[PDB]
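For reference, the structure discussed in these notes is given below.
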Ligand SMILES: *[C@@H]1O[C@H](CO)[C@@H](O[C@@H]2O[C@H](CO)[C@@H](O[C@@H]3O[C@H](CO[C@H]4O[C@H](CO)[C@@H](O)[C@H](O[C@H]5O[C@H](CO)[C@@H](O)[C@H](O)[C@@H]5O)[C@@H]4O)[C@@H](O)[C@H](O[C@H]4O[C@H](CO)[C@@H](O)[C@H](O)[C@@H]4O)[C@@H]3O)[C@H](O)[C@H]2NC(C)=O)[C@H](O)[C@H]1NC(C)=O
Ligand SMILES: *[C@@H]1O[C@H](CO)[C@@H](O[C@@H]2O[C@H](CO)[C@@H](O[C@@H]3O[C@H](CO[C@H]4O[C@H](CO)[C@@H](O)[C@H](O)[C@@H]4O)[C@@H](O)[C@H](O[C@H]4O[C@H](CO)[C@@H](O)[C@H](O)[C@@H]4O)[C@@H]3O)[C@H](O)[C@H]2NC(C)=O)[C@H](O)[C@H]1NC(C)=O
Ligand SMILES: *[C@@H]1O[C@H](CO)[C@@H](O[C@@H]2O[C@H](CO)[C@@H](O[C@@H]3O[C@H](CO[C@H]4O[C@H](CO)[C@@H](O)[C@H](O)[C@@H]4O)[C@@H](O)[C@H](O)[C@@H]3O)[C@H](O)[C@H]2NC(C)=O)[C@H](O)[C@H]1NC(C)=O
Ligand SMILES: *[C@@H]1O[C@H](CO)[C@@H](O[C@@H]2O[C@H](CO)[C@@H](O)[C@H](O)[C@H]2NC(C)=O)[C@H](O)[C@H]1NC(C)=O
Ligand SMILES: *[C@@H]1O[C@H](CO)[C@@H](O[C@@H]2O[C@H](CO)[C@@H](O)[C@H](O)[C@H]2NC(C)=O)[C@H](O)[C@H]1NC(C)=O
Ligand SMILES: *[C@@H]1O[C@H](CO)[C@@H](O[C@@H]2O[C@H](CO)[C@@H](O)[C@H](O)[C@H]2NC(C)=O)[C@H](O)[C@H]1NC(C)=O
Ligand SMILES: *[C@@H]1O[C@H](CO)[C@@H](O[C@@H]2O[C@H](CO)[C@@H](O)[C@H](O)[C@H]2NC(C)=O)[C@H](O)[C@H]1NC(C)=O
Ligand SMILES: *[C@@H]1O[C@H](CO)[C@@H](O[C@@H]2O[C@H](CO)[C@@H](O)[C@H](O)[C@H]2NC(C)=O)[C@H](O)[C@H]1NC(C)=O
Ligand SMILES: *[C@@H]1O[C@H](CO)[C@@H](O[C@@H]2O[C@H](CO)[C@@H](O)[C@H](O)[C@H]2NC(C)=O)[C@H](O)[C@H]1NC(C)=O
Ligand SMILES: *[C@@H]1O[C@H](CO)[C@@H](O[C@@H]2O[C@H](CO)[C@@H](O)[C@H](O)[C@H]2NC(C)=O)[C@H](O)[C@H]1NC(C)=O
Ligand SMILES: *[C@@H]1O[C@H](CO)[C@@H](O)[C@H](O)[C@H]1NC(C)=O
Ligand SMILES: *[C@@H]1O[C@H](CO)[C@@H](O)[C@H](O)[C@H]1NC(C)=O
Ligand SMILES: *[C@@H]1O[C@H](CO)[C@@H](O)[C@H](O)[C@H]1NC(C)=O
Ligand SMILES: *[C@@H]1O[C@H](CO)[C@@H](O)[C@H](O)[C@H]1NC(C)=O
Ligand SMILES: *[C@@H]1O[C@H](CO)[C@@H](O)[C@H](O)[C@H]1NC(C)=O
Ligand SMILES: *[C@@H]1O[C@H](CO)[C@@H](O)[C@H](O)[C@H]1NC(C)=O
Ligand SMILES: *[C@@H]1O[C@H](CO)[C@@H](O)[C@H](O)[C@H]1NC(C)=O
Ligand SMILES: *[C@@H]1O[C@H](CO)[C@@H](O)[C@H](O)[C@H]1NC(C)=O
Ligand SMILES: *[C@@H]1O[C@H](CO)[C@@H](O)[C@H](O)[C@H]1NC(C)=O
Ligand SMILES: *[C@@H]1O[C@H](CO)[C@@H](O)[C@H](O)[C@H]1NC(C)=O
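Residue numbers (our numbering), protein chains in the order written: chain A, 59 to 186; chain B, 528 to 956; chain C, -5 to 42; chain D, 18 to 143; chain E, 18 to 143; chain F, 12 to 139; chain G, 26 to 124.
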């Protein structure tokens, strides 16, 4: 049911900024936390931050608080209030920020268990 | 040997269950007049030798209270007027920085074929542009219902009671954290006086903690779990909107009256709150003392402000005298603690078009309050959110964290009085 | 079959001015009036 | 002493078996949002009570608090001695150790009553 | 055998009289449109049950399934022999043949109880 | 149905005092007495005394009343019917006549006529 | 920190294949197992130790507690060839690739 559709790959010079969107559909967006994970080529998955869509509270990993800003866009259709679309804005792109960024959804309704059961296809950001 | 089963009816044994609690009050939107009169003799039976397992994070009384308050909100907005004819092009001007506006608009009268050019004052957070042309913030999303100006937004003590055949179990452990086996347990029929205070970041007018200041979470290592710290000594906060506002009735239809902000009588000032910088320093010191017991006696504990979200969470969002405040809290959480008259001021903004919860498609216009609003309340708890060299930031939103801070002591059980056990007893022929 | 049982030897104190059946009937008729006006049409466009 | 409602919850099964009328009183009385939620509770309370009074009626224990039966204690249910039950365990512990077999006993307490009065109808058939 | 709920509906009155606790169990438990229609049913079920338990209480049969009384069988109600009732007719046939006189018997079963305990209050008056 | 582990073999000399521990588990510690019993070389077994962790009450034989320190902690509850307790034993005028193995023993029942009876024992501690 | 052993693993079709996951501290039971193939997104196999996700083949199994966790595969097939991450909260493991 749950399905996350991310944006296309990005080519940015150092110092530039990139916007990554994550379209959701098929589940109550406001009751499931959306995380953000990245994976450099060869390295393991690294956590950037999450955002609780009901009100938009955020929390980041090591260092991402100064450069990453996580927002969202809730639905307002009185019949389709499930879906939403989060956004990850990264400023000051360093060359080591080149990785595959993932949009993750927690399975727990309302609560948080970090058990990511709905992922986006991935977005490859390169900084050179 | 000779052992036959024997039936015992009325034995002390219960099962964990969840039923529909009911409310009890003494003598408002929460309709506490409709609850059964709170008994003047509250029987509290202490259960000696008993030890019960609690889990304030699976507690269903919080899930029931959360939906009961929302059900009460939608109930006390049905007979009130709909402000949909207000969704019209507004001609707004600044009032003689640039926060509260002065808007005029053609309005329907009591005759269906007559217009009228009336004016009203709106805060900035209620209007958006397209003399400059404006519009109510909700018009492109939802209809709007003006709250009935007789019901009060005052938290009245609510008592949740279990039906006959069920019971509630309290926890007399002065240092009881969220979960675990409560050593001293007692049974009650109704919970204590719980004030349904809808707050944010700072738990207002709540119950204190005996002995030392407590701190609770499901998994304190999980940063996505809001930390529910509850003080033992209250730090006092005074809030006020000092503008002497006026209410103006506007007949928008036969029996339909829109209550508008007429004009400000006297000075135009800033809505704000005060806490004692001393009593808040020692209260942050007690909180910082219990934060090392599971984070490290050497690591640093830092306090910062919110890092994003909506106005309802990025600021101390509460109610004062009937108007909804939104207080900047950067002046409270800006301290880094090492291994080893005063007054803070919080610039609050005021909003009238509020979606009480995350409700989609429903908005409410809080009518203006005449006079000078000032309310005195205690901040007795706090809702933190660590980062993850350990820094903590306030926040909240999920309104069940508020009810969970007062329903941690309670738990619903179901009495099952039928017990079968053997003895050397048999019936005759 | 309306059963009316006569209570012989009985004497009861009445007070038609504290009688609650009147206070209940008074609010029952008003409750019935507001009930039989919900599905009916609103003549607010007549206010012209 | 008068411990109160569920007072002997942590006491031995022998001590609690003397304080049964305490929990028997508050099983039916007590120790428009919530007008339909209150009425929903005033109906549930009676139904739970009438079920417990239904089983007592089909076991021959209607009106009894301590009721002796004809079903002998199967040692498979609990192979515990008598003095290690009533002077050691609590009624909360006992309900756990007999959780599985609790449904078997309720049926045995029924036909031992229907056969009993069927024998009594023959006892008075002369 | 275990026929189930109403299993012996077509069996003789003597065979069905042994399977009474089967139909006694499912008389109170079971074998916002419909929130007010469901609650309307959960109240009706208790009222029908308490009426049947009311008559059993004022006949002295409270807690009994087979209950012997003092009212002798008037042959005007049914002039059938004993072995042509319990070994031939079904309980459905019997309730039809005694449809009229069923209300007469319910009253006779009442005063035969109020006079009985009134005699017992005198039996213990010494 | 739990363990009653004790301390080690602390061999001192006459005149001093010795403190022997008794840490319980597996059972509700406050529901049963803790009997203290010793089997010395020179006599058989001798009953010293028991103490009620709930009532805080103490009863000990007149042969050891002016010698024995008998105290208990308060249980740290583990589950609903389980806990972890601690019972302490000391002796005053210590000699070589008191050399022997010492044990703690949980009481038998919670009522009746054999309430304190040493039922569940520990492992023993070798004194001087 | 999350450490998986072995880092690489030689596998044959039809074997009993299992991979360990260790933790720097006490976790309890909320450990999550993921399967990641090149070019595709990760796939949640098991969550909270031994709660297998719906739709996953019943051959996958999970066990463990405290600081040691397992991911057992009985009767391995040609679809179970990928890197396997174990996740506690936000720390994903490096993985263990099969071939
Ligand atoms: C909660 O749980 C605790 C622990 O399980 C329960 O405490 C136990 O209660 C039982 C019965 O209630 C006790 O068994 C009895 O033991 C007495 C021995 O006590 C006598 O001697 C003591 C030492 O000399 C002395 O302390 C007593 O004096 C009184 O003063 C103290 C002050 O400290 C007071 O605390 C005591 O309570 C005394 O009142 C006393 O002189 C023994 O005599 C009893 O046997 C008699 O009674 C039984 C029937 O009850 C009968 O069968 C016997 O033949 C005999 O006639 C009885 O066995 C037990 O010792 C307690 N402690 C344990 C088990 O550690 C407590 O009751 C629970 N309360 C609730 C509310 O659930
Ligand atoms: C929000 O915005 C609204 C506008 O929509 C403001 O309402 C207007 O406020 C102004 C003042 O700021 C009002 O203007 C005043 O009108 C008074 C009424 O006099 C009229 O009627 C008499 C007949 O008795 C005529 O003769 C006269 O010409 C007017 O037509 C006047 O008494 C006032 O005069 C004052 O100013 C003049 C020149 O400045 C001086 O010479 C005078 O001595 C005197 O001091 C003034 O003209 C206006 O009427 C209001 N409009 C409406 C529709 O009510 C709100 O005040 C504003 N609120 C806030 C908080 O910003
Ligand atoms: C936390 O709790 C506080 C107290 O429990 C709350 O303070 C209360 O706030 C309300 C509304 O802001 C006040 O109600 C107002 O009362 C004044 C008049 O009150 C004065 O006059 C009466 C005479 O009847 C007298 O009895 C009082 O003591 C006052 O002297 C009205 O003008 C208003 O319209 C409104 O009714 C309460 O009075 C006030 N109580 C106290 C003890 O101060 C506080 O609001 C709570 N905070 C939150 C966030 O809920
Ligand atoms: C109210 O006052 C504010 C403050 O000056 C005005 O804000 C200005 O708006 C214009 C657009 O018209 C901008 O170009 C300026 O940069 C703004 N200035 C500041 C300081 O923010 C606002 O326009 C005024 N509104 C009305 C209706 O007069
Ligand atoms: C209704 O209008 C508001 C105007 O404030 C929209 O909210 C803004 O939308 C723009 C772009 O869509 C964003 O850049 C702003 O950040 C939004 N502001 C706020 C406060 O949300 C809102 O999206 C509109 N709703 C619908 C259903 O059209
Ligand atoms: C804010 O502060 C205290 C609670 O910490 C309250 O004042 C005390 O209230 C208790 C019980 O209500 C009394 O026993 C004390 O005597 C009070 N102390 C003083 C100095 O008055 C006060 O009511 C709280 N206000 C709230 C909760 O709204
Ligand atoms: C707020 O303003 C109102 C007027 O808008 C003041 O009310 C006046 O109070 C005095 C008594 O001091 C009365 O004589 C006047 O008749 C009142 N005027 C009206 C229009 O009612 C009120 O006193 C002001 N309050 C504050 C705190 O400034
Ligand atoms: C909040 O307001 C209360 C009352 O308005 C203040 O309490 C007063 O403090 C002064 C100075 O100590 C005393 O003289 C008064 O008697 C107090 N009032 C009462 C009713 O006791 C309190 O100091 C204010 N606190 C802050 C932080 O502004
Ligand atoms: C809350 O107050 C703080 C200061 O007390 C505000 O901080 C300002 O933040 C902006 C960036 O958005 C800076 O450009 C200013 O220099 C800051 N001011 C100060 C005095 O540090 C903060 O903006 C306020 N919150 C909101 C939502 O406006
Ligand atoms: C979340 O908290 C629970 C309970 O506090 C932790 O589970 C406990 O783990 C310890 C350590 O092995 C055990 O001794 C307890 O028996 C466990 N209790 C329960 C109720 O499970 C769990 O480890 C914590 N999880 C995280 C990720 O910190
Ligand atoms: C009211 O309508 C008239 C009609 O022309 C228009 O001129 C005027 O600007 C309108 N006023 C407002 C406040 O919209
Ligand atoms: C509460 O205390 C118990 C035992 O003291 C402990 O197991 C539990 O982890 C504590 N709660 C938290 C949130 O740490
Ligand atoms: C938090 O503080 C920073 C710096 O003090 C400021 O830039 C930001 O606007 C503040 N945010 C809020 C919501 O107060
Ligand atoms: C005990 O129960 C078993 C089935 O649970 C039954 O087969 C056996 O006959 C019973 N024994 C006695 C002595 O009742
Ligand atoms: C005591 O109980 C056991 C069951 O554990 C039983 O085998 C034994 O016969 C009983 N003894 C007496 C004397 O009742
Ligand atoms: C009841 O059945 C369960 C089946 O999972 C079993 O684990 C349990 O031990 C049984 N109860 C007793 C008292 O043996
Ligand atoms: C039988 O019933 C009739 C009335 O139906 C009554 O008059 C008659 O006395 C009764 N006979 C006996 C023997 O009870
Ligand atoms: C058999 O029943 C008839 C009623 O039809 C009765 O007259 C007769 O006395 C009965 N005989 C016996 C032996 O019971
Ligand atoms: C009951 O009364 C009706 C009256 O119409 C009669 O027809 C019927 O035969 C009576 N029942 C019996 C069993 O005689
Ligand atoms: C030993 O018993 C004495 C009795 O007076 C008591 O004061 C003392 O506290 C006990 N020992 C310890 C180490 O507490």
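Ideal Cβ positions, reconstructed from N, Cα and C, are used throughout, including at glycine.
So if I threshold CB-CB distances at 7 Å, which residues from the segment 83 to 96 of chain E count as touching chain D?
Answer set for the segment 83 to 96 of chain E: 83 and 85.
Considering only heavy atoms of ligand 20, does any lie closer than 8 Å to the CB of residue 80 of chain F?
One-based indexing of the sixth chain puts residue 80 of chain F at position 69. Yes, Cβ of residue 80 of chain F sits closer than 8 Å to a heavy atom of ligand 20.
Would DSSP call residue 765 of chain B helix, strand or coil?
Position 238 of the second chain, counting from 1, holds the residue named residue 765 of chain B. Here residue 765 of chain B sits in strand by DSSP.
Would you decide whether residue 506 of chain B is buried or exposed? Buried here means 16 or more other CB atoms lie within 10 Å of its CB.
Outside the shown range of chain B, which is 528 to 956, sits residue 506 of chain B, and nothing can be said about it.
Strictly below 9 Å CB to CB, what residues from chain J border residue 165 of chain A?
No chain J appears in this structure, whose protein chains are A, B, C, D, E, F and G.
Pull out every residue of the segment 170 to 185 of chain A whose Cβ sits closer than 8 Å to any Cβ of chain B, in chain order.
Residues passing the 8 Å Cβ filter: 170 and 172.
Can you grab the Cα-Cα spacing for the pair residue 785 of chain B / residue 68 of chain A, in whole Å?
Numbered from its first residue, the second chain carries residue 785 of chain B at position 258. Numbered from its first residue, the first chain carries residue 68 of chain A at position 10. C-alpha separation (whole angstroms): 52 Å.
Using a Cβ-based criterion (distance less than 8 Å to any ligand heavy atom), does residue 117 of chain D qualify as near ligand 16?
Taking the fourth chain and counting its residues from 1, the one referred to as residue 117 of chain D is at position 100. It does: the Cβ of residue 117 of chain D is within 8 Å (strictly closer) of some heavy atom of ligand 16.
Is the beta carbon of residue 793 of chain B within less than 8 Å of some heavy atom of ligand 7?
Counted from its first residue, the second chain places residue 793 of chain B at position 266. Indeed, a heavy atom of ligand 7 lies less than 8 Å from the Cβ.
Count the other CB atoms within 10 Å of the CB of residue 41 of chain G; is the residue buried (16 or more) or exposed (fewer)?
Taking the seventh chain and counting its residues from 1, one reaches residue 41 of chain G at position 16. It is exposed - the Cβ of residue 41 of chain G has fewer than 16 other Cβ atoms within 10 Å.
Would you say residue 703 of chain B touches ligand 3, meaning its beta carbon is less than 8 Å from a heavy atom?
What you label residue 703 of chain B is simply residue 176 of the second chain in a count that begins at 1. Result no, Cβ not under 8 Å from ligand 3.
Please tell me whether, using a cut-off of 8 Å, the distance from the CB of residue 761 of chain B to the nearest non-hydrogen atom of ligand 6 is below it.
Looking up residue 761 of chain B in the second chain gives position 234. Yes, the Cβ of residue 761 of chain B comes within 8 Å of a heavy atom of ligand 6.
List the residues of chain A that residue 752 of chain B touches, going by C-beta distances under 8 Å, in chain order.
As a working note, residue 752 of chain B is residue 225 in the second chain. Going along chain A in sequence order, the residues near residue 752 of chain B (Cβ under 8 Å) are 170.
So residue 81 of chain A and residue 180 of chain A are in contact, right, with Cβ under 8 Å, and what is the actual spacing, rounded?
The count along the first chain starts at 1 and reaches residue 81 of chain A at position 23. The count along the first chain starts at 1 and reaches residue 180 of chain A at position 122. With a Cβ gap of about 14 Å, residue 81 of chain A and residue 180 of chain A do not count as contacting.
How would you list, in chain order, the residues of chain B whose beta-carbon sits under 7 Å from the beta-carbon of residue 41 of chain C?
To locate residue 41 of chain C, count along the third chain from 1; it is residue 47. Near residue 41 of chain C (Cβ distances below 7 Å), the residues of chain B are 637, 638, 639 and 781.
Over what stretch of residues does the alpha helix (DSSP H) that includes residue 66 of chain D continue unbroken?
Mapped onto the fourth chain, residue 66 of chain D falls at position 49. Per DSSP, residue 66 of chain D belongs to the alpha helix (DSSP H) from 50 to 74.
With distances taken Cα to Cα, identify the nearest neighbour of residue 48 of chain G among G:119, G:106, G:26 and G:110.
As a first step, residue 48 of chain G must be located in the seventh chain, where it is residue number 23. Comparing Cα positions, the closest option is G:26.
Ordered along the chain, which non-local residues of its own chain (more than five positions away) have a Cβ less than 6 Å from that of residue 88 of chain A?
For the purposes of this step, residue 88 of chain A is taken as the residue at position 30 of the first chain. Answer for residue 88 of chain A: 111 and 112, listed in chain order.
Is any heavy atom of ligand 10 found at a distance shorter than 8 Å from the C-beta of residue 745 of chain B?
Residue numbering aside, residue 745 of chain B sits at position 218 when the second chain is read from its first letter. True, at least one ligand heavy atom lies under 8 Å from that Cβ.
Can you pull out the residues from the segment 75 to 97 of chain F whose beta carbon lies closer than 9 Å to at least one beta carbon of chain D?
Of all residues in the segment 75 to 97 of chain F, 91 and 92 have a Cβ within less than 9 Å of some Cβ in chain D.
Can you tell me the Cα-Cα spacing of residue 650 of chain B and residue 635 of chain B, whole angstroms?
Within the second chain, numbered from 1, the residue matching residue 650 of chain B stands at position 123. Within the second chain, numbered from 1, the residue matching residue 635 of chain B stands at position 108. So the two alpha carbons sit approximately 22 Å from each other.
Please state the DSSP three-state secondary structure of residue 155 of chain A.
For the purposes of this step, residue 155 of chain A is taken as residue 97 along the first chain, with counting starting at 1. If DSSP states are grouped into helix, strand and coil, residue 155 of chain A belongs with the helices.
Whole-angstrom Cβ separation of residue 578 of chain B and residue 91 of chain F, contact assumed at under 8 Å?
The count along the second chain starts at 1 and reaches residue 578 of chain B at position 51. The count along the sixth chain starts at 1 and reaches residue 91 of chain F at position 80. Sure, about 5 Å apart at Cβ, within 8 Å.
Which word fits residue 38 of chain C, buried or exposed, when buried means at least 16 other C-beta atoms lie within 10 angstroms of its C-beta?
Against the third chain, residue 38 of chain C aligns to sequence position 44. Answer is exposed; the Cβ neighbour count stays below 16.
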